[PDB]
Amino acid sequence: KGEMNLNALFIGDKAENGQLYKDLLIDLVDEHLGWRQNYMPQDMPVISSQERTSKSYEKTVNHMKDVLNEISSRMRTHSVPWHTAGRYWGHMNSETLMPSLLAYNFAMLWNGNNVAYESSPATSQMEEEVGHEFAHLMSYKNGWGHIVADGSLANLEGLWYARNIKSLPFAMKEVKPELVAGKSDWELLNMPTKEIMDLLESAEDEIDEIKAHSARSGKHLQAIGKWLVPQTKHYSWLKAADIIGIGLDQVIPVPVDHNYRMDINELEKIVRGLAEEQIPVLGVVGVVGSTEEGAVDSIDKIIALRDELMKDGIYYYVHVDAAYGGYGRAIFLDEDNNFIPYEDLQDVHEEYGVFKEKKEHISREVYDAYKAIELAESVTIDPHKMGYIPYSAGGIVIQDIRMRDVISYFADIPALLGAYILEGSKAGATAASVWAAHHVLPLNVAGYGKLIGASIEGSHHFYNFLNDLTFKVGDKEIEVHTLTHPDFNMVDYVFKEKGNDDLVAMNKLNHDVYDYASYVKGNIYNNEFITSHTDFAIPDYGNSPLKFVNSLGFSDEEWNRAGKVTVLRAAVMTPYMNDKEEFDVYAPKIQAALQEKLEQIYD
């Protein structure tokens, strides 16, 4: 219907839509209360009018008010003000979508448990539809998904999938070897997932016995191979290998580019070398939107390599860690859910208001990586990251709905969703919260695409503001340098001193800027500019920052003496800074806050 105003879907940076929230909040509560009253309306209230006017009641209600006042005082002292339109330039945190907020409080009054359809039939239908909406967002044709408590656990679930799947060929040899007849042990440890799944579903009556011999039994966990991840992986990946049983020792880091994307040359070397030693590859993780720089792995190149290695009898499962960037795929989808051709992107984005200025905002590389996600076996996606849905809500998508049979337990809508997932009890309110967002904002250019676009355009205005931003702090001149052009909406940057060639000193300078632009120094409620900070250390980044550190004047020797570069990171998730005029209101306020802060660092 034409174009949706995103400004009506947030409470506001200055509570501009606070009466809208409060009025819809109360209307929903009233609808719940009316529902309670008219279940068995012949029942009289067990709580008497006299009991609600008693002193026992007032003393308990007053103790309750004291506790709520203590919570309120603490919340209002220390919580971070990332609701602001253009002063918060840090972590993956902004405002959340009002329809999600409203639906969550609404559903929580029913307190349905989604682990079993009987507890809340409607929140369980909603979660099923959410999973299909995840699969359609990923362009899967017979996929599935469900809400996971968070992205860390959704990653662990993907490794649960890959680990059990890779063990299935061995277990078919022990239970019904007819299916894997004439196949070498190396051939078994390199069967494509579709083939493993087509053979598992073919052997109807023996699936339970095959699964009983799979990695579920505890056996062959070192036989199934190495787990390959970017060297800058999210630390949940170490925890996933640890927990799932393959162990920390079965994790191989793949070096990243000077754009902090997995090096596909390095990936080929490690995979092919491992095949020479006949050590299988359990799987490869492609990161769409990395935690510290917003980089997008060339998932296209990763799957293309996998197609080229199957000719040489090498297969790897691909899991996409799109916890951060997963909802971003909506920017490429038209209202019929077809991926928009790259040549037509700027025209569709102008027609749908995704981007205000008609120029390139997304590279064909990022476009091609997002398109190739449909070829991966499974994806982690966080509704509470770029879905703008309140914590806590992660997600997983699987390419073939039949894969859930490799983890299912019995010992359409599932009667026990806890039978098809890693976790147990789940709030139906979380499902209602995600469903509301997906149904106010369709998962394409007509809805979420417009929200992702505003985030990306806001990130690009800040990038250009930081590029060539210079300050005069006494006799010293401090310059700003962006790390790399953003693959998504995250902009990293550093402060350095002109003429100073000491990298340890620049890391002190950026650590001092961070201290003043965070809760470390001062009251966070009085801070005029807030950001985050991360260390690019040689143990984890290698020399991938070296090209960047050299561009600023530092030598390869200064790089090794410091061992690291401290960078400031801004995951620009505010939806308000895409309009250049609105950004220009906050540009002087940002520079002014940074001036005051630099002048404090040097006195």
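Numbering starts at 1 and runs along the sequence shown.
**Q** Would you say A411 is missing from a third or more of the other compared entries?
**A** Across the compared entries, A411 is left out in at least a third.
**Q** Neighbours in the displayed sequence, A411 and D412 may still hide a gap; how many deposited residues lack coordinates there, none, 1 to 3, 4 to 9, or 10 or more?
**A** Going from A411 to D412, the model skips 4 to 9 residues of the deposited sequence.
**Q** Hey, which bit's got the bigger mean C-alpha B factor in the entry, 298-306 or 150-158?
**A** According to the PDB entry, the answer is 298-306.
**Q** Where do the C-alpha atoms have the higher mean temperature factor in this entry, in 516-524 or in 238-246?
**A** In the deposited entry, the stretch with the higher C-alpha B-factor mean is 516-524.
**Q** For the CA B factor values reported in this entry, which option in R87, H83, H439, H481 has the top one?
**A** So the option with the highest C-alpha B-factor is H481.
**Q** Please pick out which of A429, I389, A505, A215 has the largest Cα B-factor as recorded in the entry.
**A** Of the options given, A505 has the highest CA B-factor in the PDB entry.
**Q** Just say lowest, middle or highest third for the CA B-factor of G418 relative to the other modelled residues in its chain.
**A** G418: CA B-factor falls in the middle third of its chain.
**Q** Relative to the other modelled residues of the same chain, rank the CA B-factor of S363 and answer lowest, middle or highest third.
**A** Answer is middle: the recorded C-alpha B-factor places it there.
**Q** Using the temperature factors of the C-alpha atoms in this entry, rank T77 within its chain: lowest, middle or highest third.
**A** For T77, whose C-alpha B-factor we compare with every modelled residue in the chain, the answer is the lowest third.
**Q** Lowest, middle or highest third: which one holds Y576 when the chain's residues are ordered by CA B-factor from the entry?
**A** CA B-factor rank for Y576: middle third.
**Q** Give the position of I26 by CA B-factor within its chain, expressed as the lowest, middle or highest third.
**A** Answer is lowest: the recorded C-alpha B-factor places it there.
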